[PDB]
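Reading through the structure tokens given below for one structure.
Where a number appears in this text, it was derived from the coordinates with a stated rule and is not lab data. Here the Cβ is made from the backbone with ideal geometry for all residues, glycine too, and neighbour counts use every protein chain on show.
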Amino acid sequence: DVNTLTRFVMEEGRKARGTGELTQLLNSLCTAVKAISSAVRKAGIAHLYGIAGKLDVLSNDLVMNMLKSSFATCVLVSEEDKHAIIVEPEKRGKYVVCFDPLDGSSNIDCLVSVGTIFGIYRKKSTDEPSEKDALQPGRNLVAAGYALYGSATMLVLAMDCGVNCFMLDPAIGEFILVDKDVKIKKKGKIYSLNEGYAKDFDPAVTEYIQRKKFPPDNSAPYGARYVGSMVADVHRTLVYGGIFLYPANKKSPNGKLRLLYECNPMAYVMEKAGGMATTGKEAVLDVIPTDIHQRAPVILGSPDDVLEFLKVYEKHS
Amino acid sequence: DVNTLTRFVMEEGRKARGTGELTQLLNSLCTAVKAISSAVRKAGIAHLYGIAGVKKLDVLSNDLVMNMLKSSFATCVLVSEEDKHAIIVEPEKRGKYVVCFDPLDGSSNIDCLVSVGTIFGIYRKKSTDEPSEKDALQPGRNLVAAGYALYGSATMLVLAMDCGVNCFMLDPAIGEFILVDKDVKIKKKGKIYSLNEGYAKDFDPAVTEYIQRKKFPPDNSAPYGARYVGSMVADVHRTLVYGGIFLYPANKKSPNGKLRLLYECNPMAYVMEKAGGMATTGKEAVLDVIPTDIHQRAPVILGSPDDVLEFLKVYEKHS
Amino acid sequence: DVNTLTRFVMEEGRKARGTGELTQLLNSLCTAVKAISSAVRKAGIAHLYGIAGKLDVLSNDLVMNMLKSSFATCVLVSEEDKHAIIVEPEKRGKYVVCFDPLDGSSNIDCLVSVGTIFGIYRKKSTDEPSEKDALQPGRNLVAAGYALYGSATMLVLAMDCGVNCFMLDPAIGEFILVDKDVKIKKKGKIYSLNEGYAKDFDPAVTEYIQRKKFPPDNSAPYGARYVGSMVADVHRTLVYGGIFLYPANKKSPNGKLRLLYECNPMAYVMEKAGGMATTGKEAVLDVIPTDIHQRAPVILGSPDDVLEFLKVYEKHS
Amino acid sequence: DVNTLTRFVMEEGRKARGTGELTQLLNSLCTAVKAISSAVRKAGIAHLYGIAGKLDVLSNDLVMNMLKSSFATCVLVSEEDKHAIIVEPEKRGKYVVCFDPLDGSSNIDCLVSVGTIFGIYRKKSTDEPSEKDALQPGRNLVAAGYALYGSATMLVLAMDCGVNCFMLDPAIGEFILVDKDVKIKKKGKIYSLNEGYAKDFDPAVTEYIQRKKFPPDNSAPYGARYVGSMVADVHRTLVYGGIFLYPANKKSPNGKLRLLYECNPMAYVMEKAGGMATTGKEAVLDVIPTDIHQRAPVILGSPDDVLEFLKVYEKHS
Ligand SMILES: COCCc1sc(S(=O)(=O)NC(=O)Nc2ncc(Br)s2)cc1C
Ligand SMILES: COCCc1sc(S(=O)(=O)NC(=O)Nc2ncc(Br)s2)cc1C
Ligand SMILES: COCCc1sc(S(=O)(=O)NC(=O)Nc2ncc(Br)s2)cc1C
Ligand SMILES: COCCc1sc(S(=O)(=O)NC(=O)Nc2ncc(Br)s2)cc1C
């Protein structure tokens, strides 16, 4: 049987006997993703070049407005906004959404894959909403995922029931369920990180990478891929197995990627798919944030690969 | 004033006072590129998943380019990554051009929605003999036009001719390629290197040393960043837009590289040179290699001239 | 605030505190209508013409399959199917849907506007589902409407809350709320019927049309429009007012249009918009059917114009 | 072999060994038509209704800017413009284009079919370009035709080589040739006119319509169709045969449709398809215009039907 994103979400919502607030949340977000996708693929650019005589701001506005008007949110945290947005009282719902509206857009000049990342938490207080409602560990995530604007557009949605992948059919504007209850391979054959900054590596990362290229047990060398767009590399890791690293070093002891709207959603997708996600010191989902824009190191992917990196990390005390 | 690919090609054709065969050629390729883009973005996939109650993308892509080029009446010999032998166009549809193309490069990893692309190179048939596979064995210096479509976050067609390199963005709402970047030039020197460092144990010593100099510069300057998509069109386009260097070099297991000379290396080498970049195998210019086999491989190092020159200096230190 | 069809229906569903089944049905129909519009506009026609070396059947399959897989239906009546379709037990829901998957498609060779018409009933007995469950008067409709595939694609949805019009945005595949709680004019200036068959007219139809062209007083004669496609003529009647007639005569004493999936849904839309719909003898919505494909005469539109027609009709009785 | 609009025009152009100017014009016109088609279908309407927080004018701007920038035109007459537009000196070419950028858009509130109509002349005088260069009879047309934005978008192009029909495939933005060297039926079975003006009809029109409804020779009466959008009514006349009439009435004693960019292009298409187009007094294409927006009565379509009307017209002197 064919299934769509909206029908899938409604059926899971009905099973859970929920009120519908989360469904309204996701349906609005799905609409914003379709509008982002259309602009990313440059529909209407002929009018910009005068046929009749920005993108990351629009993406933020599309997500902000669709979530606000959904009546399911009260606090919105965005890569694009210095402070958390508080939904106006008459529009308030019970959910907090942290999102990166258009990740990778710094390099969109070369048409690199880009994506939208989102994580959804339930509000913690019964009081007036505040930024504190966004300062939850990832363990409390109710749902998370991302849209990948790659050769085609795909939305990956992770919840308690697992991870499901939906392909956007642009002919009809519907996300089609194409991969159900996906699980990452136990062990992959690809590592992904910016090796150009090797001069700064932590000793453990230097050693772990050394083992991928010159395996001690005669086994085959790993291949290397690094798009430089986090959603594209994390999605490749999910589909093919392997490991993705944006680790801590001396110049960046807490990493570069953002915990609330990059690290935590991807870790949740990974764990629901049977993978792992560590900062080196602890599971990503266990870091308790004190700032909405704080950074975290991240190593994630196939469990045998993350376990192997953690073994090397532990050897270096 | 707005410009489109078709309007661009016609006006250049009129300047040159040609017969129109090349314009008919490029317009047919353009049409195939839009149909490939439409299929790559998965338009209509809901029907494959039973919305009402089936071919492979690289086979469909090859059929699109083949049929549009045959039906243009502008071609006589067609070389495709997908066909062991050259296709010789039937007599009533024959024109004067030879086209080498990779209909969907990078589709090996299309399971992960990696950027993919179409690569093409266009030659004038040179002899009066009957057309045969031999007419495709010209060095890249003989290219009349070349370029690629990149199906990335957006679809873009990059067209290189003697007048320079021009970039056209596909507007999907109207199906037109809009000229968005005119006469593009690559930076003299970049800050990105691009290759599969996972296979370092097999590197040529010159490659090992050069990568060493990028990560640990002797002159203390900032280390280069590293990017490698694993899809040639995406990595080369980033090299063209941001500068730097792309390497797919020879080693002892692969003394002739892995990428194919006729429909991957030569078209990309040609685009790079028309943008003021460089493309070498280490031993010679990519465009000067005289091929003997239409599917033969070639090592390729390309990009910003200063970065490729620095590779050649290290490569020379290793004789 | 922007609104979509799915978001609108969800909000009305939560207001009514229903189970979610009707929302699941309408979301399924909406996906089907987007697929029909895409095919009607000839997406992919290049492949049928050899670039790489049915419409009403496809339309029927899209609606049947999306409704079946919705888990919201038990009996489906279609213009295309001789007998009612009974949904298999594992997919049965509580609604009966009568529909015309592609009305007007006989003349689609000239690219005339075409459309999809639907009507939704609640199954009334606990018996095994059967064709008899579709033989309810239109008064029993829970929801009805039509998709018009015209210069643009529009979904008109009528429920107890009134009539609402949604425009399909093809760039994102969403039905956008553009006209809320629409009402038809009290009196129009257009009449619509096939005047080519005047030799067969009932005397009352002949007299009423003669008065529209030759008014007894000084007022302006009505203009005439007849597309020949029911959804287009009825929709123009909705937007501009006036009267649409496909009446009974001696050769066709029960009319030509079908009651279940053409007359009743349109009659329902008209009455929720403040209009009227009569067979001449009684309201269309009060006819109790005895056959799923039975015909009914229909005269509909602005109430003053239908009342004026009934006055002439009664003069000849 | 598959064929497209651009490839067809290039191939016919090379056959004639022309310079390419007309091809550049028609290619520019095709580009504007696809943009008009996308706008008519409401692409991007979601942004007008706040998803992120004038059609006939846009249509005219698209055609004007695309034709000016083609370097193939020198004088442009548009339904939207009071005076002929004189192309600036550096962009002037040898062609004059009369066009209706969005015909029927008055009633687009009901999503009625609309269309673009065009006629193309070679400039005939050696004077400086002026409004007078647009005043040639339709006999002088080099090319003409129309785009119909109906259930699908279709371009009909008539030249000396005959009439050809191209279907826009919206998935790739290309006009696909689907009907080659089309000919109209010798006699049709549909008549088309606004019968609401019956009180103002000339005796010849009244008699002819009477003959369609009450045939003297026992034959079947014609059916009636009238969309009220000329491109839709004319296109149907071409595809199915029959007759289209817009005669003069009291509001319009010189007729209502405009000679330059409605009557002539359609008359030209009709004659190249083996049909007919008369004012009653003379062939439409032979009328010598004196004013760029002047009106004309028009009767057109299948030749046996237009000849039958002329018989009645001669009977009434
Ligand atoms: C981990 O995710 C838990 C699963 C849940 S729970 C919700 S919900 O709370 O929004 N409830 C509902 O939507 N109920 C409904 N009733 C009728 C309709 Br028609 S939808 C959504 C999802 C995806
Ligand atoms: C390096 O390439 C040189 C540039 C060239 S030369 C040609 S051509 O040979 O095809 N000639 C023509 O197209 N003539 C025409 N006449 C009228 C029209 Br309308 S187009 C195409 C291009 C892009
Ligand atoms: C005659 O009906 C008019 C009003 C109604 S009642 C229904 S319903 O029965 O399907 N109930 C629901 O959809 N409940 C929901 N809960 C959560 C979500 Br989220 S939707 C749909 C409509 C449009
Ligand atoms: C009066 O209609 C006769 C048919 C004609 S003649 C012209 S034209 O004058 O524009 N010439 C050309 O287009 N030449 C070209 N050379 C190369 C390419 Br490729 S096209 C267009 C059409 C449709």
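Per q in 0.18, 0.31 1/Å, what log10 I(q)/I(0) does a Debye calculation on the alpha-carbon atoms of the range A:153-199 return? Those come out to -0.72, -1.07, one per q.
Charged neighbours of D:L285, selected by a Cβ distance under 15 Å, balance to -1 (K, R count +1; D, E count -1).
Per residue, the average separation of C-alpha pairs within less than 8 Å and at least 6 apart gives the range C:182-316 a relative contact order of 33 percent.
Please give me the summed charge of the neighbours of D:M159: other residues whose Cβ is under 9 Å from its Cβ, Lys and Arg +1, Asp and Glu -1. Around D:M159, the surrounding residues sum to -1.
With bins 10 Å wide beginning at 0, the percent of Cα pairs of the range D:1-181 falling in each bin runs 9, 36, 36, 15, 3, 0. Normalising the Debye intensity of the range B:32-123 to I(0), with uniform scatterers on Cα atoms only, and taking log10 at q = 0.21 Å⁻¹ returns -1.01. For B:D111 and B:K189, the difference between the fully extended length at 0.36 nm per residue and the C-alpha to C-alpha distance is 24.7 nm. Semi-axes of the equivalent ellipsoid for chain A, computed as √(5λ) from the eigenvalues of its C-alpha gyration tensor and ordered from largest down, come to 32, 23, 20 Å. Here D:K311 is the anchor, and the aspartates and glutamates within straight C-alpha reach of less than 16 Å, apart from those fewer than 8 places off in the same chain, are D:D202, D:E207, D:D217, D:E282. Here the spin labels are modelled as points 7 Å beyond Cα on the Cα-Cβ line, and at B:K182 and A:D286 they lie 6.0 nm apart. Pair-distance distribution of the range B:160-319: all C-alpha pairs, bin width 5 Å, starting at 0; shares per bin in whole percent are 2, 9, 18, 21, 21, 14, 8, 5, 2, 1, 0. Taking the range C:1-34 and a reference point 7 angstrom along Cα→Cβ of C:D160, the backbone N atoms nearer than 17 Å belong to C:9-23. Spin-label model, C:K311 to D:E308: label points 7 Å out along the Cα-to-beta-carbon direction sit 3.7 nm apart.
When the listed pairs A:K185/A:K256; D:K185/D:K256; C:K189/C:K212; C:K183/D:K42 are checked against a 18 Å cut-off, the alpha-carbon distance exceeds it for A:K185/A:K256; D:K185/D:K256; C:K183/D:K42. Taking a Cβ cut-off of under 14 Å around A:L168, the surrounding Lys, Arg, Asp and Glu residues balance to a net charge of +1, with basic ones at +1 and acidic ones at -1.
Estimated from helical segments only, the mean residue ellipticity of chain A at 222 nm is -9000 deg cm²/dmol, where each DSSP H run of four or more residues counts as -39500 (n - 2.57).
The tail of the calculated P(r) for the protein assembly as shown beyond 47 Å holds 40 percent of all Cα-Cα pairs. On the beta carbon distance between A:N254 and A:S125, with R0 = 30 Å, the FRET formula returns roughly 0.65.
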